[PDB]
Structure formats: structure tokens, C-alpha cells
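Shown next, in C-alpha cells, is the structure this report addresses.
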Amino acid sequence: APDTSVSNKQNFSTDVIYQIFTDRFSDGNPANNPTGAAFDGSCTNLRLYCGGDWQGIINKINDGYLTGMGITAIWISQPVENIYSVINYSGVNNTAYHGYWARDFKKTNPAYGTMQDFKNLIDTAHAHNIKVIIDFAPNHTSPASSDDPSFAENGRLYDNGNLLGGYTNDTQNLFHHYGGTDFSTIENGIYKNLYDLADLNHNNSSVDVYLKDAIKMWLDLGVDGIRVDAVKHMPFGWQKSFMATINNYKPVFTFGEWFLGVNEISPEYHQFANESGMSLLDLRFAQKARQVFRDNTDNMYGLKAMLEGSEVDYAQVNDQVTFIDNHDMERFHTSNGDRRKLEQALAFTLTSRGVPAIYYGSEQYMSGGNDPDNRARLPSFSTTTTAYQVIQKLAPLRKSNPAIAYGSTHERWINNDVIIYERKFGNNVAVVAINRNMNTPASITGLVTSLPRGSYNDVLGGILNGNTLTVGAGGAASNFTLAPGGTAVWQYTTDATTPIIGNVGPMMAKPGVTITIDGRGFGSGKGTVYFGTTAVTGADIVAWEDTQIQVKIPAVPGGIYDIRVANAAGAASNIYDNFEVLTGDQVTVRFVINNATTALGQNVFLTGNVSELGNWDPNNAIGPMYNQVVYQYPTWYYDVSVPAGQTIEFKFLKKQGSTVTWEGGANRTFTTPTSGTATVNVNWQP
Ligand SMILES: [Ca+2]
Ligand SMILES: [Ca+2]
């Protein structure tokens, strides 16, 4: 099917995501509304249920509100059954309207709807070529006090109605009991509770297996994407085996949220996007976009430096979900903010690299501070706002113009207030000019683009005061004045004649799994895809057409491979690197090593003989290992994804700067389980 098909669950760069807080969107079925203290139909107490549900979203797809806007993906609240308690937090009453306080990941939250309502949502969405992304929050269940078992539902977890256990009297250790996080270290935020949420223990095999069976059930119901909550608070080794469960079963686009504040740049954030098997919410983009377009705490050079820099730092920049606000920040539009600021930031996001997400109600200029104020019921379903029209005009270019969906980003003109950038993919071009100065026009002289000669009409139809671009020979545009607040989008599309790979999904899977390579110029005739030097042809190429190839990963050793497509005529595409072939199915094993005393700046790491352990390479060793919460120094521990069912050989090592200190003795062997988890408890071999 083409790259733009609704059935492309692996890659979303051609989509525009509309992020819905299900409860705050439309109440299509009043009969499923919570009653009593848990409900507020006026939705003035934004911590209670207002009543919005999956029938309300179905209705808004049906009547054209969402499809009129050009939305092709909706991201909705976590669908699973949540606790029913109204928790009074210091006077304010609070409910699970947000879907985050799970009690059974196998059932639906009935306020949102029944399992049949969810299937109706999936089918209505798909029939209108809308992909459905769900939140999934496998880090915790719900507010719990083991000291007070009567608080809330004591974090209880059920498995399709069957109680597995609660927070008080957790003899099976389904949960962590280390206190709450102060967020001082990543380790601390992983193993201690996030606020008061009963922290699930993923090293418990029945939690591990439950959560993996639960996500498979949602994959079976036809969801197209997953937004994993609190990725910074779950073990990276466990989330990589969770990603492998999805990708080796039914790979769908998965991304997580790892928060970064303004100008905070975290290597681990990038290492997570680059190595987990899921992409991330592009906080770096969101924060700089708000700095340039909203707060004016940075100028167009900051914007340029972020776009330039992130194209390098994210191994797959086309998989990061960009946005200008979401549930976790103040609404972009303020009370005294010019609406043109929102409108440009939305035009910027919709034409930029990545997977754009529009937070519901943006097209209705909702303002509001932080939680819960950024989650009000959206006030109107007016289809004639300028913002609605900006999305309506620009969001279909994601499907129609390969350059916007996959293209590189080239700044062609810039000054403190103006950026003109080019998106280029093969011969497809889009050029976006933005003048954030609402007062002074910009004299653009000397603009060169890759557009062929012609008179390009602004795709926005002048609604953001854009203009026609007259391009002459060699892509030189005739000089023009960009209006105060001017935003214009000019584009040209043709066929790519040469294979160009714009995106591949999933990026991590074992041999035998079909991956989806999207791009242009593949041709209709089946050609070759290379993983490294290994050619895959014939029956192993499940599907070949000009914009999408589905190919089975060849039985190559685990490790990282460059992918390249050769079309039928032997012409080869660009390399799409960093593809991880897994040694096989994954299980998370906790490795614990005692008596590994280290000097300052020296940490314990683990490597071994499979790619998952870095194939004996100190530079790729797993770690730094932890040593504070579950076990304390000199015992170090770490949860690591390793191939299931086999004997791995491994060794621990200490590294301080460029010095690797290996354990002495023979290599350690361990036979991993076929499912579930295991703990390897060993002592440093001198
Ligand atoms: Ca309802
Ligand atoms: Ca946790």
C-alpha cells in the first residue's frame, strides 16, 4: 500500500496527529458519564470527569470536524480501566479523567466507552483514514498508600477482572516499595514511586508478562501507535524488551515522553530516542518553537540551530513527534498573545520534519496554564477559525508532498525575525517563509530555492499574509517584502526517479519481522533491499511499490545495519542507518554484581557476546550500572534486554574515562529465560 496509507502503522511522518484528552473533547454518550463526586458536566472543575468519550470522537470524525482539518491521526487518553476513586488531594477532589491511573490494562475505562466502543472508534477512524494512537502508561497503576490500604484503590492491579494484587501487602512484589522519587537521579526516578503512584515492578515476571500481553491485546484491537508514558521512569532495559515485544509481534509507531525544560539538553534523552526502539516527543523542538514564536526568548538563529542540530542528534529525526504545546505545558496561546503567533507556530510545526501533533483545541485558541488548566473542554467546534484553516491547508501536504513528510531542512534566508527554509526530498520541495515580527515587513533579497521556475502560489492562500513566489532560472526568487507576521508555503512535487528512503519502521526487530521502508522512487518492480551487504530479494520482499517496501529482516547476526534500497534497475537509495537487528526475542534480566568497588568517576558496566550486550566492546558496554535504590554500592544492578532462551557469555568491567578494567577469570555464562525475567546475582571476579 502507499506510504501515506492509513494502514501504515509503522511510520507517521506523513500524518498530522491531533492529541485528544478524551474526557475534554466531546461527550457523545451521556449514559456512560461518571456520577456523583467524580463528574462535573459543566467541566469547571478540571480534575473531575466532564464526560467526553470515544463516541464523541467518532462523532467528530463523522461530521467532518477532524477530517475537515486534515488530521490523519488522533492520539487519545490511555484506554484502559482506571480506578474509580475520587481522591481528595488537600481539598481538591481528583479523578482518573486523564486515563493515567490504571487498574486493569485489559479492560476499557467505561467513562470512555466499552470494548465495542473502542472497536467502533478504531473502525470509524480507519474508514476516514485516521490512525489511532493510544497512551499506555506501564510504569504505575494508581494513587496508593501501603500504610493506608483504604486510600484510593490501594494501587490494585487486576488482569481482566482478576485481582493480581494491591500495594499494601505485596508479598509477590508486583510493586516497588522504596519510597517516592525526589527526581535527583535517573535511577531514583526509575525505582522509587512517581509522586504516590504505585510503581510497577517490571522485574517481577508476572508484571512483565502481563504488560506485554496487555499491549498485544491493544495491538490486536487495531491501534496504530502507542505513546508510552513516563519513559524516564522505567528501566531502559525493560522498555527495550517491551519495544521488542511490539515490533516482533505487530510493530506500530511508538514514542514516549522524556521531559526536557527550556534549553536543557540531555544526552540520555537522545540515547533513548536513538536506542530504545521508540521515538520521543520532540521537546527540544517544542521548547525552541515556544521560545522563538511565543515567548521571544530566542530568535530565528536559535530556531535554525535547533533544526540543524536535531537533524544530526536524532538518528531518525523523521520519527520525533513535534508540537508547540501538549498536556504537559501551558497552552501556547496566552490571553494577551497575538493569535498570529499561534498560527505561525502551527504552520511551522506542520511543515517541519517529524510527526506533527496538534493539541486539541489549538485551532480554537484555547489558553490556559499548566495542569489542569491546559486540559479544559474545548469550547467550540467552529471550522472557520484561521487556525483551523491553517491546519486544513497545510496538514494534507504531509501526505501529498514527500519533501514535508521526509525531507531535509535547509535554511535559505534568515535574520533575527525571519526564517525561510526549504524541505527537500528528491525533487520535491517545500519552502516556508515566516516573519515573526508582527510590526516590520522583511525585505527578502537574494533568496535561492530548489524550486523550478514558476509563479508559486502560497498554499496558505494569503491567510497568513503570504505572497506568490516568482522563481526564475536557477531557483532564484524575485525579491519580495514579507508582510509583518507573514507566513507563506510554496511547493513543487514530482516523481523521484531514484530510490530515496524517507523513513523505516520499526527500527529494531528480530530476523523474520517485516519492516516498512517508505520513500519515493522505488518503482513498481521489485528490486533489492540491503541490510549491510546482505541482499534481500524475491519472496522475502513482502511488498514493493514506489513509495513503500515491506521486507522481512534477513537472518543476519544481531547488530546495527544500514539499509539501502536498489530499484529494479540497480539504482541505489541513500543509506538509512542505525537499524538494529535483534538476536531474537528479548527478556529483561536484572544483573547484580557485588563487591565492585570503584574509584571516583569509575562505574561498572556489562558486556557480553551478543549485540544486545555490545558484542564484547567496552565502548558499547551496558551501563553505567546502578547502585543506590534496589541494591547499594558496592553492589551494582541493571535491567538489560537480552535474547531470550539462550546462553550468553558476559563479563563486567569498570570504566573510568578511557580505562577499562575487566573482571578476571573465565567469562560468565547464563542461560536466559524464554519469557519473563531473571536475576543474575554474582560477585566481582578479580
Ligand atoms: Ca460520556
Ligand atoms: Ca518506575
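For ligands, and for the atoms within them, numbers begin at 1 and follow the listed sequence. Side chains are part of it too, since the values below use all heavy atoms of this structure and drop only hydrogens, waters and symmetry mates. Along the sequence shown, the residues carry numbers beginning at 1.
- There is a side-chain donor-acceptor pair under 3.5 Å between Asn203 and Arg590.
- Among residue pairs with one or both ends in residues 191-246, none qualify as disulfide (SG to SG under 2.5 Å); sequence neighbours excluded.
- Defined by atom type and a distance below 3.5 Å, a donor-acceptor pair is missing between the side-chain atoms of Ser279 and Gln320.
- Two rings, from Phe253 and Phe12, have their centers less than 6.0 Å apart.
- Note on the Ca ion (ligand 2): protein N/O/S atoms under 3.0 Å are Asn139 ND2, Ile190 O, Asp199 OD1, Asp199 OD2, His233 O.
- Counting heavy atoms from C-beta outward, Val592 and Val680 have side chains that stay 4.5 Å or more apart.
- Taking the side chain as every heavy atom from C-beta outward, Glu363 and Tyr18 approach each other to under 4.5 Å.
- Scanning for side-chain hydrogen bond (donor to acceptor under 3.5 Å, both in side chains) contacts around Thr35 gives an empty result, with sequence neighbours left out.
- Residues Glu612 and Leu582 have side chains in contact (heavy-atom distance under 4.5 Å, counting atoms from C-beta outward).
- Protein N/O/S atoms closer than 3.0 Å to the Ca ion (ligand 1): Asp27 OD1, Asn29 O, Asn32 ND2, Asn33 OD1, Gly51 O, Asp53 OD2.
- By the 30° and 60° cut-offs, the orientation of the rings of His176 relative to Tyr191 is tilted.
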